[PDB]
Ligand SMILES: [Ca+2]
Ligand SMILES: [Ca+2]
């Protein structure tokens, strides 16, 4: 075995508590090097001669190059020291501890998790653990009030092909009028892109953090929406841009006018004075040279307090959470204090960040609850849409991503297929609904929070921005009601099957040849096996099913009953068919 | 190469800034598996066409199983994305990025360090970067005030052999009287074990955090000590026990008296009332079943605030830092807020924790400045004292430890040889002064902060506690003045050679056969090579010395001038001799 490829650390994603007296521990090793992983542990102050407790670390998964083992240590003292005992293919017994590797336990030393503080157990909102989020781009969802429509508002038709500066009149009143549609779909939360006052079409350059943009509505209307949504079992999540403000931001306008004498000059990153000019910027902004988006100095206590007051104000309106853009460019102290503030005002308020790279630094439990799962989207696009990867690669990509963060974060990552900045997933599938449906079936049964992009549920298509921002199809005749019913059915199932929302994930089958992938979601005694035949061909597969997990299953989508024979389960799937097998527990 | 053994993460000790625009990056690989490591990077928003910057990652060291490469990325935008270009012995190359490994750069993906905030740049006190700390166990240092002696105090003699319940009358007045001695020695800070009021002899069970224990002195005397030490260029560091209090602590006595009616019941961890029992106790304590040491609930805002007021009180008396006991059992938020408070009152105040295992979670820059370097002591014990490890092993242990944390932490770790809880180093060396001196020579020239245990400088000896707690030897005729002058000279040298306090460290030579180890400290153009002949026999060795680093050196200990011939340096060292060669730069 390659000892240099074995990894563990007593913190982060490899050692973390799931409760005050339970510590989850993970170990990584070159694929195939470790056949058995056991943990020997005890209280940190325990006598040397004392018998050590034992915990077997089952193989939680495997990616392209590594195997992952996971164990749970029961630590009534809330203090624990531990060493790993690894057995290789040849029965070699290797101990692994903080000191290193050795054939002798005492020489391997022990990893230590000094203390488990209840305040350090990663905790996320309970409602968020079984949610189905719906992303609404206000300008294009529903025009409920034509009196606030901006000049140039185009016709709201299905054949409408939006331009970069098009206007259709979508607003908050429109969302309220369409709540019965959303309730029928079964969504439990609405995620809105920026709706705060801004002079641009995208509103990522905030002019007033304390006002709804006039073209969308006013405060009285927002309140109505919050209340009407809540009485429908639908929460509201607002997108906040705290990394930078717009050039119309009161503080920035003051600096543009007074400059050196501006009381807010230190709220931004200004190189020289005058603070700006036409086509030229001497201050730090979002990305590169974006004058309309001056970066906010969140490290400045005054800036931090101002934004915290902004958060306070909107939460007072009854919102249920925040989605943060460019979160990775705001400091960690700001995020740690933001969480403290938000959770104190409402422990059920969700905090989601947008970070396009490993976000472990923000997912330890003291900052965000979760982030956008862009890895999930990439894997699903390549497997279901473009066919760039096969079932085994798909399996490896999902597993690797799953092991990135502590389970509390992974369980609530927002699993999106597309967004306001990408082409529609149906379009990624080249219009193939069969492929589209299999990806949705997977989305609704996989680990994480499903996120639906407005219109996808009724068959809307489109290229990336701005063609992905086409007017929502409200004409039932123009809607793909068959797909709508498909979404509805999957959502109902996810809510009834505890394992789909709170279960763990384990790969069941992965065949690169047949391109068939299966996994099992498990919660307590309940097992739900999802079988995906991602191939334009009717195929048969023989899955392993030990009697311990059951001998009979029910396909929740067809009502077909299947039985196992001698630890094997024979299944026949039609082109791109997906099965959701419930073990009756 | 073995890709599974290659590691890097864009955080912690593998990716961290040293300035607002400079990111240090480190990568490990199986030793000898990678010959060249290059970093290709650019601003995270750079166009896919712009050329990438190049950074060559030199080999910063290697331990038992790994090679460590280190590079510095110049990031003027404070945002960076980067990929590694690795080359093996036989010229094969591969890109390593967040996505993974690939022969194609694009497929390897890219690691990203989202943003570098100035407030997140690990910063430690400038004075502590070149300090020499002296550990004083007050009860046994100097009895300057006989009038405050505890009942039953024993005579102060060299042949005295301390018992667990002994008393010699050491106090703060004594320390003041002996400041001339400490100034002569050249120490720049004094570290005191607990001195707060407590009924026990060890004082780890605090009765009053706001008062000096009557047997040691009082506030006026402590203020005098602080002022007299400062005018002699000596700082004062106090030991704080915030994890638990003593049973005499006012809050705990209130609980013992009022029980469930006590307003401080939640300041502790109790299971039921009343609180007590024989050999038994119904409340969480330090270690196991230690009645006099009830754990404090630092997570409780009242407890945290009370402890913060304690810190404010002593810093108001002028102290220069804190040494924290059982710091790993106090929560992280407490330490982050503690650092904020402490640094706001005195930016130069030092925070040192005592953690007997990987302390990376506390050494990111938002909590502690440093910790006790027990690894340094273990390595020095086994190499210089017991002879259990040879020169190559010694080298590996030092290197592995060095790569554990960011450089700002490593540069300030407290490198001790012994303490009030261990046998004296002289005794570990079986009374051999030659071995002892070579260890001190190493201590005084290695990376980290030298920590002297009281009396070691004058040749005191003894078994572990309480034999390591003998009364300080003051009678000059009974002190080892030769050793004293040796310490003094090494200390002067450390202050005159910038590379010994602010330089990096690189292994120069390691001969397991001759048991000879050499390393070089470097700062700017200055090079200081230390050669240790850790064997009881005169030996000759040929060290490699490229003309670039110089061809002439001076042994700062003897004044001997050495010359290199054709990139080689021939040296003949006497038994247990150590040389400190300065390149004259
Ligand atoms: Ca409208
Ligand atoms: Ca005394």
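Summary of computed values
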| item | result |
| --- | --- |
| Relative compactness, the stretch A:447-564, computed as alpha-carbon Rg over 2.2 N^0.38 Å | 1.30 |
| Shielding by partners, peptide B:329-337 (average Cβ within 10 angstrom, other chains) | 4 |
| Separation of alpha-carbon centers, the stretch B:87-162 and the stretch A:395-440, rounded to whole Å | 43 |
| Where the Cα pairs of the stretch B:411-498 fall when distances are cut into 10 Å bins, in % | 18, 50, 29, 4 |
| Efficiency of FRET from Cβ geometry, residue B:272 and residue A:119, R₀ 22 Å, rounded to 0.05 | 0.45 |
| Footprinting exposure proxy for B:68, A:181, B:374 (fewest neighbouring C-beta atoms within 10 Å first) | A:181, B:374, B:68 |
| Counting DSSP beta bridges with both ends in the stretch B:215-371, the antiparallel % (nearest 5) | 30 |
| Using a 7 Å Cα-to-Cβ projection, residue A:489 label spacings across copies, nm, ascending | 9.0 |
| Zone residues, the stretch B:1-30, relative to residue B:103, backbone N less than 18 Å from point 7 Å out along Cα-to-Cβ | B:1-4 |
| Coarse-grained scattering of the stretch A:240-385 at q = 0.10 Å⁻¹, given as base-10 log I(q)/I(0) from a Debye sum over alpha-carbon atoms | -0.41 |
| Label distances, nm, residue B:50 versus same residue in remaining copies, Cβ-directed 7 Å point | 5.7 |
| Efficiency of FRET between residue B:160 and residue B:289 - r from beta-carbon atoms, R0 25 angstrom, step 0.05 | 0.20 |
| Label geometry 7 Å along the beta-carbon vector: residue A:149 inter-copy distances in nm | 9.9 |
| Rg over Rh [alpha-carbon atoms, Kirkwood Rh] for the stretch A:243-297 | 0.90 |
| Binned Cα-Cα distance frequencies in chain B - 10 Å width, integer % | 3, 15, 24, 24, 18, 10, 4, 1, 0 |
| Tail fraction, Cα-Cα pairs, the stretch A:60-112, threshold 13 Å, whole percent | 67 |
| Gain upon complete extension [residue A:2, residue A:540; 0.36 nm per residue less C-alpha separation] | 189.9 nm |
| Relative contact order, percent, the stretch B:243-297 [alpha-carbon distance under 8 Å, six or more residues apart] | 41 |
| Virtual spin-label span in nm between residue A:50 and residue A:223, 7 Å along Cα→Cβ | 5.9 |
| Gain on full stretching of the segment that runs from residue B:548 to residue B:36 - 0.36 nm per residue minus C-alpha separation | 182.2 nm |
| Rounded FRET efficiency, nearest 0.05, which uses the C-beta distance separating residue B:299 from residue A:568 and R0 of 41 Å | 0.20 |
| Rg/Rh ratio calculated on Cα atoms of the stretch B:168-292 (Kirkwood radius) | 1.10 |
| Reciprocal of mean inverse Cα separation for the stretch A:1-121 (Kirkwood radius, Å) | 14.4 |
| Over chain A: helical MRE at 222 nm, DSSP H runs n ≥ 4 each giving -39500 (n - 2.57), nearest 500 | -6500 deg cm²/dmol |
| Coarse-grained scattering of the stretch B:503-585 at q = 0.18 Å⁻¹, given as base-10 log I(q)/I(0) from a Debye sum over alpha-carbon atoms | -0.71 |
| Distance histogram in 10 Å bins (all Cα pairs of the protein assembly as shown, percent per bin) | 2, 9, 16, 20, 20, 15, 10, 6, 2, 0, 0 |
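No value in this document is a laboratory result; all are computed from the given coordinates. Backbone-built Cβ (ideal geometry, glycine too); neighbour counts: all protein chains shown.
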